[PDB]
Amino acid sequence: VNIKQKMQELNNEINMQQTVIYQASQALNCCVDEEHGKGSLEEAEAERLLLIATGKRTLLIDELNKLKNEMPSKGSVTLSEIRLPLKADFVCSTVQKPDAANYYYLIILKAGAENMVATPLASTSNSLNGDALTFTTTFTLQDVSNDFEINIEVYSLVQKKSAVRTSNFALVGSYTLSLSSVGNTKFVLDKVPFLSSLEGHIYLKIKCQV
C-alpha cells in the first residue's frame, strides 16, 4: 500500500530480471559447438534461467502496471510429490534410441511475482521413474483465504544430439489449482500440444493447513 516503495521494488526487480535475461542469452550465444557447450547440461541450465527470468519479468511488469493504474480462515497451501507421466511409446523411444536427443522438463508454479518457483531440470535419462518424471520441489503458499489459485506450467526442451533470446523451453501444459483441487492427486492438463509426449495428467499432493 506504500506505492512509491512498491513501485521502486518492482522496477528494481524488473531490471534485475532483464540482466538475467541478457546474460543467460549471452551464455547461450557462446555454445557454438560441443567443446564450448552446445548440447550440454549447462546449455539446458541457461535455457532454464532464461525462461524463468522472462516469466518473472512478465509478472512484475503486469503487477507494476496494475499499481500505476489506480473474517475468512487463513492458512498455508502445500504442494508436493509432483510427477509428470509420459506416453509409454515415448518412454520406449528413450530406451531404444537414447543418443537421439536429450529431453528436459521443468515445472513452474506461480501465485504472483512474489511466489514464483521453478523446479530444477528433470530429464528422461535420469528422472524417469516408472512412466513419470519425478520432481523434488515442494511449494508452499502461506496465509491465504479459500480463493487462492496456484498456476502450474509445464515446459519441455528437446536438445538434439543484444543478442537477447527467447528460451527454447516450450510450454506443453498448464493447470490452475484452487480450493476444489485440495485432496485430489490427479489433474488433467490444459493446453497440451498436438503429439506431445505427455500422457496428459500431472500428479501431485495439495494440502491446506491453518
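In this text, residue numbers run from 1 along the sequence as written.
Unmodelled deposited residues between residue 161 and residue 162: 10 or more, per the record. Gap between residue 70 and residue 71: 10 or more deposited residues without coordinates. The deposited model assigns a higher average Cα B-factor to 132-140 than to the other stretch when 83-91 and 132-140 are compared. As recorded in the PDB entry, 5-13 is the stretch of 5-13 and 18-26 with the greater mean C-alpha temperature factor. When the C-alpha B factors of 46, 53, 32, 61 are read from the deposited coordinates, the top value falls at 32. Taking only the listed residues 156, 174, 184, 167, the entry reports the highest CA temperature factor at 184. For residue 41, the recorded CA B-factor ranks within the middle third of the chain. Only modelled residues enter the ranking. Per-chain ranking of the deposited C-alpha B factor places residue 101 in the highest third. In the PDB entry, residue 126 places in the highest third of its chain by CA B-factor.
In the deposited entry, the Cα temperature factor of residue 117 places it in the middle third of its chain's modelled residues.
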